[PDB]
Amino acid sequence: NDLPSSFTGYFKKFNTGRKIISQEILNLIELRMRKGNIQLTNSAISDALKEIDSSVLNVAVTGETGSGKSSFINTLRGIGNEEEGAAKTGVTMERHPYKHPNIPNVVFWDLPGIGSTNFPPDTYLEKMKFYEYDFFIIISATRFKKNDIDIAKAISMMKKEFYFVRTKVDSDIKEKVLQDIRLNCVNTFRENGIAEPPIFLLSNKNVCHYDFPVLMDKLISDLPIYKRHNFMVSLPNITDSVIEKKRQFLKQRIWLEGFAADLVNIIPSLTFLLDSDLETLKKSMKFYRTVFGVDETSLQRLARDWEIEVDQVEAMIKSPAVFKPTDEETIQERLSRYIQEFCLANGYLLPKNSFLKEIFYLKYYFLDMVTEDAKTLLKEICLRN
């Protein structure tokens, strides 16, 4: 009903595992809004966004050589295996990092298998600097080994998160050969004195297949709340679910940002646009396009994979022309029209006589645009092949 209730109510749509901020903090912020603590409410939101933005993620990936490690690391980074920057199989002396191409805050580490070293579990983890990782990805293309489990045991002893990933299920060429593959893994765990652990089976030809979806959900879910945003944004845009999930996260961030900047009591209508906010809007559009893989480069490659000049790929979507020069229409007119379109379909998102400043409604419009663009190209990429 009131503003304090509208602020926290916006997050009712998202379950515990999809919030980019905790209910505890949301409840705290609301209290401060209701207390009139007109400064502590802004600092709470401020520090919350700051903590979200500066979050760094380090993912340790271990297993055996030629069992998927490299492909896993590369598909999560959105890089082709023989592409530049592509993590290369096996190699192995010691730990090797691979930063995400777009989100510097995310780093995957190729760790040498403990089998290719003469280090016992705990000492191996100390050598590999276990304390630096947010979670571990234990990969096996078969049914895991004693090594894989001793490592897990050591990881759980230190309170860290690990996940069992069975790659190359696709090479297993009825249909439910998955339950068999899963049966072999379970016996291994049972054989090693461990209760039934979850397992995620993955495919290489069709990477976004099988347990990829739920694995993606688990990693974000188990992650500390403030770390989810930066990792979510880094995931590969290979399913409408990941894509739609990213939008949900970015929408939450815009909301927080809109409130921090202070609400206003005048309808949006962009009659004058500071060069200041224009550049901000240009940066937002560049951030969203990259995140959703619809930025210039991504479109160029896409154009090659098919043929035709980029010209026609861009023509398939809408975000590429937002800031493209035209003698027929000014940016002011274009953006001024977007605000009206948005608020006409979505309303002002707040109780009567209260509004977010103009830029925020524009960020929401762009985000929707890019999200739709990504789903359009994905649908085309899938339609083929």
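Residue numbers here begin at 1 and follow the sequence given.
The gap between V91 and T92 holds 1 to 3 unmodelled residues of the deposited sequence. In this entry, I173 is separated from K174 by 10 or more residues of the deposited sequence that have no coordinates.
Look at the C-alpha B-factors of 154-162 and of 175-183. On average they run higher in 175-183. In this entry, 65-73 shows the higher mean Cα temperature factor of the pair 65-73 and 356-364. Per the deposited record, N37 carries the highest C-alpha B-factor of all listed residues (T330, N37, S336, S319).
Based on the entry's C-alpha B-factors, the most elevated value among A86, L111, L256, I149 belongs to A86.
Split the chain's modelled residues into thirds by C-alpha temperature factor. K205 is in the highest one. In the deposited entry, the Cα temperature factor of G80 places it in the highest third of its chain's modelled residues. Looking at the C-alpha B-factors along this chain, the one for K168 belongs to the highest third. The entry lists a Cα temperature factor for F272 that places it in the highest third of the chain's modelled residues. Placement of the Cα temperature factor of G293 within the chain: lowest third of the modelled residues, per the deposited record.
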